[PDB]
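Within every chain, numbering begins at 1; the chains are lettered A, B, ... in the order of the sequence lines, protein sequences first and strands thereafter. Note that these values count all heavy atoms, side chains included, but never hydrogens, waters or copies made by symmetry.
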Number of protein chains: 6
Amino acid sequence: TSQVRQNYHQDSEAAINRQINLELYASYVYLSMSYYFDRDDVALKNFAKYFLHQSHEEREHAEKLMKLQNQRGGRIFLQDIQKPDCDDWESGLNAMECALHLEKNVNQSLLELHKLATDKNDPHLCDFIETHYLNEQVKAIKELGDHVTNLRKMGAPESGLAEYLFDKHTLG
Amino acid sequence: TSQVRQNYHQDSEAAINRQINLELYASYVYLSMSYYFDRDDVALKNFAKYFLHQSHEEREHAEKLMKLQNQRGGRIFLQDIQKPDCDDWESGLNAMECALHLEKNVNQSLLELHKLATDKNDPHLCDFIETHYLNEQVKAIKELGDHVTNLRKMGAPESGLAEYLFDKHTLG
Amino acid sequence: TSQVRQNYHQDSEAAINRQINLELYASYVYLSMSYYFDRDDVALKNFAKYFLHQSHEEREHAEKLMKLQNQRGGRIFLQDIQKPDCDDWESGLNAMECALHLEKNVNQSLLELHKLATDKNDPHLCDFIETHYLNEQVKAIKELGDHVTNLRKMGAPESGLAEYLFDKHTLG
Amino acid sequence: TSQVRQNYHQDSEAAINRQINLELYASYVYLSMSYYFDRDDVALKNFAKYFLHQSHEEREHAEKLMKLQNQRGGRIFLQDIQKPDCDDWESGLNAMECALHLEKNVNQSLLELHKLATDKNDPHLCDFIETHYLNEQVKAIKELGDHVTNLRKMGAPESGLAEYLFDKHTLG
Amino acid sequence: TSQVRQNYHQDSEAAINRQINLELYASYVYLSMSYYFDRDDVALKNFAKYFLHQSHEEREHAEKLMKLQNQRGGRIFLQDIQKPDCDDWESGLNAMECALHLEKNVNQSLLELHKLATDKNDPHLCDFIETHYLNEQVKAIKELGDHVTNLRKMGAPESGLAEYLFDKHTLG
Amino acid sequence: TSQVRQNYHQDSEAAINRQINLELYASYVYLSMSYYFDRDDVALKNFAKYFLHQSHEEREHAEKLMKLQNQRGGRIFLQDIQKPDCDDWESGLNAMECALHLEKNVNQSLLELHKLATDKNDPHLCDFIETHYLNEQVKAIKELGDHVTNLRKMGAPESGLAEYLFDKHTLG
Ligand SMILES: [Ca+2]
Ligand SMILES: [Ca+2]
Ligand SMILES: [Ca+2]
Ligand SMILES: [Ca+2]
Ligand SMILES: [Ca+2]
Ligand SMILES: [Ca+2]
Ligand SMILES: [Ca+2]
Ligand SMILES: [Ca+2]
Ligand SMILES: [Fe+3]
Ligand SMILES: [Fe+3]
Ligand SMILES: [Fe+3]
Ligand SMILES: [Fe+3]
Ligand SMILES: [Fe+3]
Ligand SMILES: [Fe+3]
Ligand SMILES: [Fe+3]
Ligand SMILES: [Fe+3]
Ligand SMILES: [Fe+3]
Ligand SMILES: [Fe+3]
Ligand SMILES: [Fe+3]
Ligand SMILES: [Fe+3]
């Protein structure tokens, strides 16, 4: 048992390990989406930038949880990073919709993590989730909801003009 | 025989001369396209700039091959620069499509040049083609493929609004 | 078939996809090693930095291959990123030894990739491997060999004083 | 008929097209001379610079006529650019003599162009020729006459010392 | 066997050792030529500078090969550096002619080294030769060919005025 | 006989030539030692720097004697530069010990050179040896004696920790 471990339940430690894996997967999904829009038959270079940056952000969210696990005296256990769901996301509107879906599932996982730490009476792990992840998730979901709404109101996915102009004006 | 000539085959020298002519022709084609979009009944001033700059670049690729020929001890032999294929490229989408076609043919010529220097065992001429021309070609073809894709997805050539907006936002 | 695809063999495309996965795995291995040395019962903060930086570098090597695949007209196919080999690398000397081993295996894969592109007569893909990956690998392997040698000559792994001083003076 | 065309005779338009071709040819001749003096058995690097710069200038004179043609509502028609007259201009004195000859022929063409625009009563095209081409030609011919005179008085072409010193002091 | 050695053939290692010796010899030859022109009965101080700088460059080419040998896991074996061929190179034109000859022989050795690495399937050692030595050699030979041509056309070696003026204007 | 030669004995001239060769050899020995410590199984990068810098210094001592020989009207005669004594100097302590030995032998040669110039009554050559070489030698020998003493008192050659720490703190 770790010399720094205090008030840190075996269940929280396992949950933190499952959340690290989820953030890595989210990083992988965004990396996959990014280079979809870099294809010559898609060619939306700011969608690609937007998702490459989201990819780098999610791996920084994972690294922070790895830091928290060592901080609290638990042991990181890594699992396979599953290959993403799709190889061909049709359109810019479909990608933002998958991203919105993915960000809600991550949020749901974080809310369950917070409920477990409330019940294990771990106030430090609670504040960590609140301070670094919960408001980030709410802001990400609101941003992606906005993007999805603009893309629909513009006429996407059937109008490539709409998707082209959204690339230049919102994401550029 | 030249005092600096070493490991430089008569066939490579002829091939370099044929490649100089191809680059000049490519320069001429782009010059012709540039001033098509400067016509008052076409009036896309950034298409014209894009192609004038490509015109100047191709003549700088030709000058570099002339420098290489003197560097290796061969003798430059110049041929007529053929007048380009078209006087009226219909639309911006049609010009990028001809440019994509032209850039692939130049690439194909460069790949054949590289195969001949491999077989004549001229590693310096191989590295020269690799370092200065091969990745340039791959980047040019990918750029033009992107432009062609955006123009189609926007509704060109039937939508002059699409071509107008591409001029302002991608090429400006 | 892609409008930009030229002289790009189905076998090279598959090989590039297998190399992207290998670089991601290497990135994952280094990320795992990094946070091993961040544990409170290991506590070598510059080993952790050294490997976190190597982790970020390998994912940038992967992103470049994804860019090359789109550049040449192939299609990225992603596989699961396997969880790394170990959860507990004993010592700093053992980690540098695994890293040396991993970097040789990546090199071997790159040399086989280069042999396949030579035989498919793809000089652009050859120069890409030479210019961006081959000398990087040779420099990485020489660096890790040096680290392993210093750690042994100092008295590692049995001397934690040796490992402590190497952390401060070579990696800091 | 062009919406901007006014007082612009079919004969002037054809003459402008023939002058564009002449300027391109002049650009090609100078490019050919430039890389003659870059040969290792000629090796006069400032003759080469002098003629490379004249080459770039003549293509800028051609581009200006293409701009004028679009400005006035005519249609550019491009012809083959004939390969230059010589592959081996013997000496620096012989090249300046060919350049002097070429510049007089261009001047003669410009004077005939000006006579046709006088007779077609096109005062704008007259002023354009006067303001941008006529004094340029007179200055070029006087410069080349000076160079030819100095080279002869120095002892060229039989004295390579003379040609060497002219390269360093007048053209450097 | 070295812990970093990978795909590095015993024959390449021996060839690299023979090339290190050749570069040192070339450094010695240039050092010898340099201080010939520093003699009071020769007294061409810029020939001396030109060759002293070439001397320092060749030893830096040797040091780079020593670095490559350690990089790849081979073992440097040094041989005697033979005293140069001449003690009295007659004239500036004769020295540039020996230097031209020496630089072609070094090039020939490098081309044979590249052929051996092609046949041993060592693409890293191939790119190293291409990237650091092959174009350097081509540029050196072209420079020395130019110098030799100017010196002859000026009237060297019988005209010490020619050699004096070349010292001041080309090499100063 | 040289127009600048004055009070310069045939014996001094020969001795200066033998000293030039000794300095070149010393330069070669240090170059050899430098790249010993650059080996991956030795890996002491500051020993390597220390000896590479000493290598460059000794060749600058040789160049100064070549300058002196021309200054006085003698004729430089170069001999083979013998390959160094060892290919594998065991340890850092053993290299500093060979370097100490080599520097004393060079000093002894310089003292004999000074004795010959005293007896040939060449006060200029005496002051040259005193002003540029004699105090340099005394300072080099004292420095190397210090290094050897520290390395022994630290526990070298049996302690690679000692050699590692000396590399970082004294030579870095
Ligand atoms: Ca799976
Ligand atoms: Ca024709
Ligand atoms: Ca698994
Ligand atoms: Ca290459
Ligand atoms: Ca013709
Ligand atoms: Ca007027
Ligand atoms: Ca000998
Ligand atoms: Ca010997
Ligand atoms: Fe996000
Ligand atoms: Fe996240
Ligand atoms: Fe281009
Ligand atoms: Fe080109
Ligand atoms: Fe690495
Ligand atoms: Fe990598
Ligand atoms: Fe001109
Ligand atoms: Fe002109
Ligand atoms: Fe050189
Ligand atoms: Fe060299
Ligand atoms: Fe010294
Ligand atoms: Fe010395």
Any chance [atom1] of [X] has more than 12 other-residue heavy atoms, nucleotides or ligands included, within less than 6.0 Å?
X      : atom1 : answer
F:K168 : NZ    : yes
C:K83  : NZ    : yes
C:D119 : CG    : yes
C:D85  : CG    : no

Task: Side-chain heavy-atom pair F:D38, C:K142 within 4.5 angstrom cut-off - done: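 F:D38 reaches C:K142 side chain to side chain.
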
Open item on the list: Under a 3.5 Å distance rule, please check whether C:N150 uses its side chain to pair with a backbone N or O of F:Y164 as donor and acceptor.
Closed with: no

TODO: Could you tell me whether a side-chain N or O of C:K153 sits under 3.5 Å from a main-chain N or O of F:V42, the two making a donor and an acceptor?
DONE: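 Yes; at least one donor-acceptor contact below 3.5 Å.
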
Task: Partner of F:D40 by side chain to side chain contact (heavy atoms under 4.5 Å, CB included), out of C:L144, C:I141, C:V148, C:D146 - done: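 By the side chain to side chain contact (heavy atoms under 4.5 Å, CB included) criterion, F:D40 pairs with just one of C:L144, C:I141, C:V148, C:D146: C:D146.
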
Open item on the list: Under the side chain to side chain donor-acceptor pair (under 3.5 Å) definition, can you give me all pairs with a residue in residues 92-102 of chain C, not counting sequence neighbours?
Closed with: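 Applying side chain to side chain donor-acceptor pair (under 3.5 Å) to every pair that reaches into residues 92-102 of chain C, excluding sequence neighbours, yields C:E97-C:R152, C:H101-C:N105.
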
TODO: Let me know if C:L165 has heavy atoms under 4.5 Å from chain F in its side chain, its backbone, both or neither.
DONE: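 The answer is both parts of C:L165.
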
Task: Per-residue contact mode, C:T170 against chain F (heavy atom under 4.5 angstrom) - done: both

